[PDB]
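Structure 1 and structure 2, given next as structure tokens, are two forms of the same protein chain, each shown alone.
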Structure 1
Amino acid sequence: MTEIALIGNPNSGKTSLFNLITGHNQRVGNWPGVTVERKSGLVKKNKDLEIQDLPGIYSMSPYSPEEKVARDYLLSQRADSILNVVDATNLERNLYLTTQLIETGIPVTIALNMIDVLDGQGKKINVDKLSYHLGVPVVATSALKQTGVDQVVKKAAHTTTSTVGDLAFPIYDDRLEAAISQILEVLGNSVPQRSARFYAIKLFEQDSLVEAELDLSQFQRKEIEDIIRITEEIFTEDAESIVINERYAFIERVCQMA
């Protein structure tokens, strides 16, 4: 019925949560022809929902096979929803992947895990103000104390590709936004409308996998090269770095509440 994808940074509490949600309704196996573990399973309480676990990754780079597995699954549109496990204690760095996940076009829910530790240190997070400015639902969870779990799985199940109409994509500096829009318009119907922005930013970044597994015309390829060149001249920096700078700048802007 409903396909929810669990993903986040290594040691954010993925396995911990995954175990509490699925119980022993788990199946361990293979991603095709890749030396990467594949596990999935039914939600213990709502048996019509299935959770597909994804590799612990810091970002959708084209290098490690763990990230090719994650990129491919989330762009296959098999998942109805993305349940993002975020470490509360290292909130800033965790959101880096989050911004990339949102761009896939599959609705993202944040399980702000390890909320118990946050209290011990003294640091606080405004869950309401964070959620709104980030544009995604945020449910504080603790895999230790076992709080927020059922509340986040419920949120995830109701935040799907068939429920969500308006998807707030992280808006960056106008100069980069001009480029994304220029790449998008040129792409036309060559990319899935949902994943359009993911592919657009990946083409700007000059991503190996995206370019290779996309049959773009001579006209399209030339136009995308021009846009990249001029944007590099405007920012006086390479395309990969403009995007990295823009993600963190957005992350600090969102942390105007935290």
Structure 2
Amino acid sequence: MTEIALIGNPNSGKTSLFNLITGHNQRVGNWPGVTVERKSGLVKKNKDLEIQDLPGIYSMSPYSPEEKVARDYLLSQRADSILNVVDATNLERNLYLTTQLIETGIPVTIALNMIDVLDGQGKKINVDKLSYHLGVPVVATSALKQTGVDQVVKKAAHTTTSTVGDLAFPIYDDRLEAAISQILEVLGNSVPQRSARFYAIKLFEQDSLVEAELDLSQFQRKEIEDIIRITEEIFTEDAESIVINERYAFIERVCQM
């Protein structure tokens, strides 16, 4: 059983796609926060695949307990594949979560949803260019028009932890990359090897939840803290700002193409 997880911002159309894929009639509403818990189902056209509908999430640093459900599912390493549902009308903001999903080490396939609205707004995105610069497969989809749904399930099924070798993580400012490497060595075996980069960046971000979940040694805590301090002076900017800016700068470079 291949495990595919529907991850994306709230109101991106995850349940709409789920319902089409599974034949289900799970709750779909035109406001953020309808889906509040996990729901599994089998892919109608390919019964070997199990797909998970999860609540909308703005980032892997959750604000509400509903956002925690999606995060915990991915970090528990249950999912073989991340089907990242992206709102094409709000691309830049949706990609902020995308950068974090890749970092989890679970291969990401993008469903570039609501392509119909984008067509009605008189705009077009070079799908192949976006896919190449992002390092992940991209299929333009519409849940309304029922466009590209089967194709994106197909690709997600072929982009799992079992079929993908080395992954293409988003590369940031080289000065931050040095800090990430050092934290990766400090971390050693305190985290899964697959998700190591995700945790390393979140520890640099001083994410309270990650810090508590990992329960790192006093020696590890001192060295990370030292790595952050030095990198802050190099960047002449606070740790949270460095990462936030570096994600959006990466997003900027990808979108212009």
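The term rigid core refers to the maximal set of C-alpha atoms that superpose within 1.5 Å between the two forms. FYI, numbering is relative to structure 1, first residue = 1.
Asker: Quick one: once the rigid core is lined up, does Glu50 have its C-alpha move by 2 Å or more between the two structures?
Answerer: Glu50: C-alpha displaced by less than 2 Å between the two structures.
Asker: Core aligned, does the CA of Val28 move at least 2 Å between the two structures?
Answerer: The answer is yes; the displacement is at least 2 Å.
Asker: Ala196: with the rigid core matched between the two structures, does its Cα shift 2 Å or more?
Answerer: No.
Asker: Give the C-alpha shift of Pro62 between the two structures, in Å, after superposing the two forms on their rigid core.
Answerer: Comparing between the two structures after core fitting, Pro62 shifts 4.4 Å at its C-alpha.
Asker: Cα of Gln218: shift between the two structures in Å, core-fitted?
Answerer: That residue's C-alpha is offset by 2.8 Å.
Asker: What does the CA of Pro10 shift by between the two structures after fitting on the core? Give it in Å to one decimal.
Answerer: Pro10 is displaced by 1.0 Å at its C-alpha.
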